[PDB]
Amino acid sequence: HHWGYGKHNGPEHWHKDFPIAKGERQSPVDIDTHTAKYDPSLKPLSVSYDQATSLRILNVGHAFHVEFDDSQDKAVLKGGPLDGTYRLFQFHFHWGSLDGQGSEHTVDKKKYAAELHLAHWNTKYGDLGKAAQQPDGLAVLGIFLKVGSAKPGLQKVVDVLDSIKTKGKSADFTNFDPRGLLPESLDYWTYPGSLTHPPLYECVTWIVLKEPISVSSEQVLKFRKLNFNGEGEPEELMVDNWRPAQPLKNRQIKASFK
Ligand SMILES: NS(=O)(=O)c1c(F)c(F)c(S(=O)(=O)CCO)c(NCc2ccccc2)c1F
Ligand SMILES: NS(=O)(=O)c1c(F)c(F)c(S(=O)(=O)CCO)c(NCc2ccccc2)c1F
Ligand SMILES: [Zn+2]
């Protein structure tokens, strides 16, 4: 009776196994755009993905993960709110059963169809596992997805999903360039938060881009054909794998623009 997204194990239940669910810096949050304050001291984010080396795509049960080589300093995220160098190691998405829901963060209560998370660990902690135990160990770049025109750079992800339909399946996924998932602008909001699902560690600097990307209905529809279950178990479509917005508590959201 493991955690998930259903009635019987979803977000309202997680605090029993993971009490930090009720912590002081949980994610996601609603981004109140009128209250987020431009911070002229923030830097223009540096997203350097030219040398990224994707490895594999894995159905982890609650999502799929695209994993990268994080054994040498390749793709990194720096600048903005960050002190030091964060190494890209994985991306994944959250999405809905319907185009009108799926994002974790919201913008003035608006929900997007999906949200892309590019996860990076702070190289000063040596490993991902070490980093995850630090309040500045991770930086996650969040990008909203709206349904409209297709995103060319997403299609290779969509097309491999039939090969990893069920929990525990993996496929080779080399030579994928995550630069094809980024919007034109790097304007962002930032705040201190957490992993958005168990174990909910309070280890993340969130950087949420203002500009969504456009994906087609057919692209998101293929995400909704994935399965939460393993092969040979009853089929449960992998949809609505988002945590709702959590209390902001003692935090300020800071804007890089305007
Ligand atoms: N796909 S991913 O690269 O984000 C990932 C996970 F999703 C994940 F769940 C884990 S896990 O080991 O915490 C639990 C397995 O479901 C690791 N672990 C990587 C790691 C651990 C210690 C030191 C360095 C890396 C992990 F790397
Ligand atoms: N949605 S999120 O970006 O905050 C997030 C999680 F919420 C999260 F729980 C994980 S996880 O691997 O701990 C559980 C399975 O997804 C990762 N994956 C990246 C990561 C891996 C290890 C430690 C910290 C983050 C993760 F990226
Ligand atoms: Zn996520």
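By convention here, the first residue in the shown sequence is residue 1.
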Check for me, please, whether [X] and [Y] land in the same ILVMFWY cluster - side-chain distances under 4.5 Å, paths through other members count.
X: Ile213; Y: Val66; answer: yes
X: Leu116; Y: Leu88; answer: yes
X: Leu181; Y: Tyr86; answer: yes
X: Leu145; Y: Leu182; answer: yes
X: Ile143; Y: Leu186; answer: yes

Exercise for the section: Please determine, by modelled atom types, if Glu202 and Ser194 share a side-chain donor-acceptor pair under 3.5 angstrom. Expected result: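 Note: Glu202 and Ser194 side chains miss the donor-acceptor criterion.
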
Practice task
Indicate whether the side chain of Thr166 and that of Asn227 have a donor and an acceptor atom separated by less than 3.5 Å.
Solution key: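 No, no side-chain donor-acceptor contact under 3.5 Å.
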
Nearest heavy-atom neighbours spanning [X] and [Y]:
X: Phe18; Y: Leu200; answer: CB-CD1, 4.0 Å
X: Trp95; Y: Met238; answer: NE1-O, 2.8 Å
X: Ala171; Y: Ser163; answer: CB-OG, 3.6 Å
X: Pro11; Y: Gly4; answer: CD-O, 4.1 Å
X: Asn9; Y: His2; answer: ND2-O, 3.0 Å
X: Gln246; Y: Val29; answer: O-CG1, 3.7 Å

Please determine whether the number of non-hydrogen atoms from other residues, nucleotides or ligands lying under 6.0 Å from atom [atom1] of [X] exceeds 12.
X: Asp83; atom1: CG; result: no
X: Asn250; atom1: CG; result: no
X: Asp172; atom1: CG; result: no
X: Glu211; atom1: CD; result: yes

Exercise for the section: Considering only NZ, NE, NH1 and NH2 on the basic side and carboxylate oxygens on the acidic side, decide whether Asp99 and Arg224 come within less than 4.0 Å. Expected result: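 A salt bridge links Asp99 with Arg224.
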
Handout entry: Short N-O contact, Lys124 and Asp136, less than 4.0 angstrom
Key =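 A salt bridge is present here (some side-chain N lies under 4.0 Å from a carboxylate O).
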
Do [X] and [Y] come close enough that some side-chain heavy atom pair is under 4.5 Å?
X: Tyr201; Y: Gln133; answer: yes
X: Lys37; Y: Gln252; answer: no
X: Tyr5; Y: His197; answer: yes
X: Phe173; Y: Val157; answer: yes
X: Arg25; Y: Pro135; answer: yes
X: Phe68; Y: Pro178; answer: yes
X: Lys258; Y: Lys210; answer: yes
X: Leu154; Y: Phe223; answer: yes

What distance separates [X] [atom1] from [Y] [atom2], expressed to the nearest 0.5 Å?
X: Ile57; Y: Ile164; atom1: CD1; atom2: CD1; answer: 4.0 Å
X: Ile20; Y: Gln26; atom1: CD1; atom2: CD; answer: 5.5 Å
X: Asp69; Y: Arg56; atom1: CG; atom2: CZ; answer: 13.0 Å
X: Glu235; Y: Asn229; atom1: CD; atom2: CG; answer: 6.0 Å
X: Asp162; Y: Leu226; atom1: CG; atom2: CG; answer: 9.5 Å
X: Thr123; Y: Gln72; atom1: OG1; atom2: CD; answer: 13.5 Å

Check whether the ring centres of [X] and [Y] lie less than 6.0 Å apart, and answer yes or no.
X: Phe64; Y: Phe93; value: yes
X: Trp206; Y: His105; value: yes
X: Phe257; Y: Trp189; value: yes
X: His117; Y: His94; value: yes
X: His62; Y: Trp3; value: yes

Practice task
Please report the C-alpha distance between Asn122 and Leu138 in whole Å, then the side-chain angles of each, then the deciding distance to 0.1 Å, and finally whether the side chain to side chain contact (heavy atoms under 4.5 Å, CB included) criterion is met.
Solution key: CA-CA 6 Å; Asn122 189 331; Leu138 277 278; over 6 Å; no

Exercise for the section: Under the salt bridge (charged side-chain N to carboxylate O under 4.0 Å, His left out) rule, what do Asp108 and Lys110 come out as? Steps first, then yes or no, please. Expected result: CA-CA 6 Å; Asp108 296 333; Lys110 180 186 174 69; over 6 Å; no

Exercise for the section: List the steps and the verdict of side chain to side chain contact (heavy atoms under 4.5 Å, CB included) for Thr205 and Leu82. Expected result: CA-CA 8 Å; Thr205 301; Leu82 304 173; 3.9 Å; yes

Handout entry: Residues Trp242, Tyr112; criterion ring pair (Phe, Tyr, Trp, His ring centres under 6.0 Å); working and verdict
Key = CA-CA 11 Å; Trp242 51 277; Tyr112 288 88; over 10 Å; no

Handout entry: Working for side chain to side chain contact (heavy atoms under 4.5 Å, CB included), residues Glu104 and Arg243
Key = CA-CA 6 Å; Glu104 302 211 293; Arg243 188 191 196 185; 3.7 Å; yes

Practice task
Hey, can you tell me if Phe176 and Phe91 have their rings parallel, tilted or perpendicular (30° and 60° cut-offs)?
Solution key: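 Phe176 vs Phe91 ring planes: tilted.
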
Handout entry: Flag, side chain of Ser54 to backbone of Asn175, donor-acceptor distance under 3.5 Å
Key =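 Yes, because the side chain of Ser54 sits within donor-acceptor range (under 3.5 Å) of the backbone of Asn175.
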
Handout entry: Derivation and outcome, side chain to side chain contact (heavy atoms under 4.5 Å, CB included), residues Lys156 and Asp159
Key = CA-CA 5 Å; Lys156 278 189 198 180; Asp159 282 332; 6.0 Å; no

Handout entry: side-chain hydrogen bond (donor to acceptor under 3.5 Å, both in side chains) between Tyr191 and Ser27, worked out
Key = CA-CA 10 Å; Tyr191 73 98; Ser27 295; 2.8 Å; yes

